[PDB]
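Data first, discussion second: the structure below is written as structure tokens.
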There are 2 protein chains.
Amino acid sequence: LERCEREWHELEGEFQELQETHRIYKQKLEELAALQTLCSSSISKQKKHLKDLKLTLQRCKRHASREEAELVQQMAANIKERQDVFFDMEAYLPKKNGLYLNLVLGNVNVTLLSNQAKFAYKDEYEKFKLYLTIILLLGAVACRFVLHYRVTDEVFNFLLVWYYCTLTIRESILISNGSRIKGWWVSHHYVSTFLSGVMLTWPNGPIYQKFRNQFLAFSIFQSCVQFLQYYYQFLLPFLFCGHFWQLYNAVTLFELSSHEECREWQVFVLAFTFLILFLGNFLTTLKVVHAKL
Amino acid sequence: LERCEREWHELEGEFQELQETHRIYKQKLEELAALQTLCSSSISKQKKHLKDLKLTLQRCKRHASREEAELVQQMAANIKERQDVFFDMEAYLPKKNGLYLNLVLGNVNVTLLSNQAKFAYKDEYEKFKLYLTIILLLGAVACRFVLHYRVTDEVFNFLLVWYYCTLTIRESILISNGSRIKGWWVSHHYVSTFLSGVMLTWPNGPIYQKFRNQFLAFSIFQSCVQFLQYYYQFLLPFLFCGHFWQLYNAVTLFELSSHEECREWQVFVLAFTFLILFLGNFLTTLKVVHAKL
């Protein structure tokens, strides 16, 4: 066991070496905290001077001599340069979280702060989306054709609502990390996870047994659009057809609310979710077309 | 507008100063990456030498002379010291996540790595738990006494299942950050969020209208126990009474499955969740009593 003793001697040497490295590490951590305080002060002073200078550009915008007109145009080009460069250093800098991520994960720092790390996280997000849309597809056209029971549709709706919550957490991380994808999309995911829930708690009458087929076909259309929307990371006509299929569902269910003598409250709170999810995404696509135009 | 020009001159000076600080910051980031690679190598070599040395202690454990017996006892005291000290530097060190947090948040680093930051995060977690158990309490005894409708019970069950998922994400962060609270508790939260779901999808017959009252009283007992379990951060007798109330629910619903001529599948998948949640938490408490003893 003397071998263990001499090995211990070697590990004590390595232990004091790692103690040295760990206390150097703690010194570096204190230096990092100091520079984070300094950069936060820099954020404050930079944004203060930004609002002051755009106020100066605002009240200087009124008409005067040609020389100050050249000065205003020149300062406009520079102020565009100002926002681009401060967007760069505000991208790398670690940043306070939003509100929803604050409400779920609490006060914790999730900023990668690295270009290649952001790229890798985007690839991971794309891979996760493809995998779970494969599982959902093998369940939409599957549930429609083999198993016609209530319990499997409940399980499928649990999987859809869980999937939508995971996507909204992921996209909150993605927005607080890097590029701004803020717009219709995050509110689209919120209203779509609300839509998942209403279908689940129907009282399983004949009316659910009629609306089930159109809902499952609509899901198949949604899975195919998201799948082809990833292989690209063409798409527009199938997106228009998705909007029109959504309109088909909305009109059919809205007419269905009048047809039966007695209505649940859940056939009429559910149609208007489809209609809001029509006017939102379709018009956003035409805005992207105008962005293309 | 010449004031803006001279201010610009000052901001260009501050801009090159912040460019200097930012490139120093990037140099420090590269140094951090290098020391993280070094400390990961240290992790590998330390754990390798740990398994080798505990193997040496294992096959050296066999009976021999008194001198090596003193050596084995002495090395046992030191190896306990070895695990304590390596637990310390493996606590501060940033660490790879588990599996569930990997499945939800993806590959992202959530290690605070700071004692006071961990303490602050624990206080935030305690505050969040108290606030949402207040909201749930004002809903359990509330739903029971004023509003007897299906939709409000669905909303309350949505709030409970959302609350349980948020707690399991928070405790995953807490375990991957600091102390080991791994045991019955995280699996308890998983089976309890499974329990929330089964109650929600009942077909609203008379039988649900009978089981509702005992479920809501049980929730009130649960909210009071969690509230008193926080004010401490006494508890044992009310915890025993919670277990026995859980047994009351289990026996009543198990007898209820036989009483009615026709049974849904959801009165018999739901009772055994209560029974598993009885044998688990009660026996864990007596283990804590034995830990006290």
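What is reported rests on the model, the rules as stated and the sources as named; these are not laboratory values. Quick reminder, even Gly has a Cβ in these numbers, built from the backbone with ideal geometry, and neighbours come from all protein chains shown.
Looking at B:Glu10, B:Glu67, B:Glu31, B:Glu17 in this structure, which one is in a helix (DSSP H, G or I) and at the interface with another protein chain (Cβ under 8 Å from one of its Cβ atoms)?
The conditions single out B:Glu31.
List every residue pair whose Cβ atoms lie under 8 Å apart, where the two residues are 6 or more positions apart in sequence or sit on different chains, the first residue falls within the range B:43-57 and is within 10 Å of A:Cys4 (Cβ to Cβ), and the second residue, located anywhere, is surrounded by 12 or more Cβ atoms within 10 Å (Cβ to Cβ) and of a type in the set (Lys, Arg).
B:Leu53/B:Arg82
Go through the range B:37-60 and give me each residue that's part of a helix (DSSP H, G or I) and within 9 Å of chain A (Cβ to nearest Cβ).
Those that are part of a helix (DSSP H, G or I) and within 9 Å of chain A (Cβ to nearest Cβ): B:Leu38, B:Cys39, B:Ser42, B:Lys45, B:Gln46, B:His49, B:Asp52, B:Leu53, B:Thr56, B:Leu57.
Take B:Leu130 and tell me if it is hydrophobic (A, V, I, L, M, F, W, C) and either more than 30 Å from A:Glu126 (Cβ to Cβ) or over 17 Å from the mean Cα position of the chain (by Cα) (or both).
Here the answer is yes, as B:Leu130 does meet what is asked.
Just to be sure, is A:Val289 surrounded by fewer than 16 Cβ atoms within 10 Å (Cβ to Cβ), over 22 Å from the mean Cα position of the chain (by Cα) and not polar (S, T, N, Q)?
No.
(1) buried (at least 16 other Cβ atoms within 10 Å of the Cβ); (2) within 10 Å of the chain's Cα centre (by Cα); (3) more than 13 Å from every other protein chain (Cβ to nearest Cβ); (4) not small (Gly, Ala, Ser): which one isn't true of A:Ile169, the others all being true?
(3)
Kindly indicate whether A:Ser223 is within 14 Å of another protein chain (Cβ to nearest Cβ), in contact with a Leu (Cβ under 6 Å, 6 or more places away or on another chain) and surrounded by 15 or more Cβ atoms within 10 Å (Cβ to Cβ).
no
Filter the range A:110-127 for residues that are among the small types (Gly, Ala, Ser) and in a helix (DSSP H, G or I); which is nearest to the other protein chains (Cβ to nearest Cβ)?
Selected residue: A:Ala120.
Could you check the range B:240-276 and list, in sequence order, the residues that are of a type outside the set (A, V, I, L, M, F, W, C) and part of a helix (DSSP H, G or I)?
B:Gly242, B:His243, B:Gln246, B:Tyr248, B:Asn249, B:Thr252, B:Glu255, B:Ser257, B:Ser258, B:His259, B:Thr273, listed by residue number.
Mind counting the residues in the range B:176-190 that are β-branched (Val, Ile, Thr) and surrounded by 15 or more Cβ atoms within 10 Å (Cβ to Cβ)?
Adding up the residues that qualify gives 1.
Residues that are among the β-branched types (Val, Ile, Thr), loosely packed, with under 12 Cβ neighbours inside 10 Å and within 30 Å of the chain's Cα centre (by Cα): does the range B:30-40 have at least one?
The answer is yes, given that some residue of the range B:30-40 is among the β-branched types (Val, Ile, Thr), loosely packed, with under 12 Cβ neighbours inside 10 Å and within 30 Å of the chain's Cα centre (by Cα).
On the basis of being away from chain B (no Cβ under 12 Å), more than 18 Å from the chain's Cα centre (by Cα) and among the hydrophobic types (A, V, I, L, M, F, W, C), does A:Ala76 make the cut?
It is true that A:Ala76 is away from chain B (no Cβ under 12 Å), more than 18 Å from the chain's Cα centre (by Cα) and among the hydrophobic types (A, V, I, L, M, F, W, C).
Return the total of residues in the range A:226-263 being touching a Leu at 6+ places or on another chain (Cβ under 9 Å) and acidic (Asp, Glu).
Selection size over the range A:226-263: 0.
Select from the range A:156-166 the residues that are at the interface with another protein chain (Cβ under 10 Å from one of its Cβ atoms) and touching a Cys at 6+ places or on another chain (Cβ under 9 Å) and write down the one among them that is nearest to A:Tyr190 (Cα to Cα).
Result: A:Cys165.
Is there any pair linking a residue in the range B:250-273 that is assigned by TED's automatic domain parsing to the domain that holds B:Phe218 to one that is surrounded by 13 or more Cβ atoms within 10 Å (Cβ to Cβ) and in a loop (DSSP other than H, G, I, E, B), with Cβ under 6 Å and at least six apart or on different chains, and which?
If the second residue must be surrounded by 13 or more Cβ atoms within 10 Å (Cβ to Cβ) and in a loop (DSSP other than H, G, I, E, B), the pairs left are B:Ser257/B:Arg263; B:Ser257/B:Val267; B:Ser257/B:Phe268; B:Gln266/B:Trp202.
Regarding A:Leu101, is this residue surrounded by 12 or more Cβ atoms within 10 Å (Cβ to Cβ) and at the interface with chain B (Cβ under 9 Å from one of its Cβ atoms)?
For A:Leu101, the condition - surrounded by 12 or more Cβ atoms within 10 Å (Cβ to Cβ) and at the interface with chain B (Cβ under 9 Å from one of its Cβ atoms) - is not met.
Quick one: would you say B:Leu130 is at the interface with chain A (Cβ under 9 Å from one of its Cβ atoms) and out of contact with any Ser or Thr (no Cβ under 9 Å at 6 or more places or on another chain)?
No, not satisfied.
Taking the condition touching a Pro at 6+ places or on another chain (Cβ under 9 Å) and farther than 19 Å from B:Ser192 by Cα, does B:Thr111 pass?
Here the answer is yes, as B:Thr111 does meet what is asked.
So how many residues does the range A:72-102 have that are closer than 14 Å to A:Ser176 by Cα and assigned to a helix (DSSP H, G or I)?
So the count comes out to 7.
Run A:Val151 past the list (1) within 10 Å of another protein chain (Cβ to nearest Cβ); (2) farther than 25 Å from B:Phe194 by Cβ; (3) among the aliphatic types (A, V, I, L, M); (4) surrounded by fewer than 18 Cβ atoms within 10 Å (Cβ to Cβ) and report the number of the one that doesn't hold.
(2)
Out of curiosity, is B:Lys48 loosely packed, with under 12 Cβ neighbours inside 10 Å and within 21 Å of B:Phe86 (Cα to Cα)?
Answer is yes for this residue.
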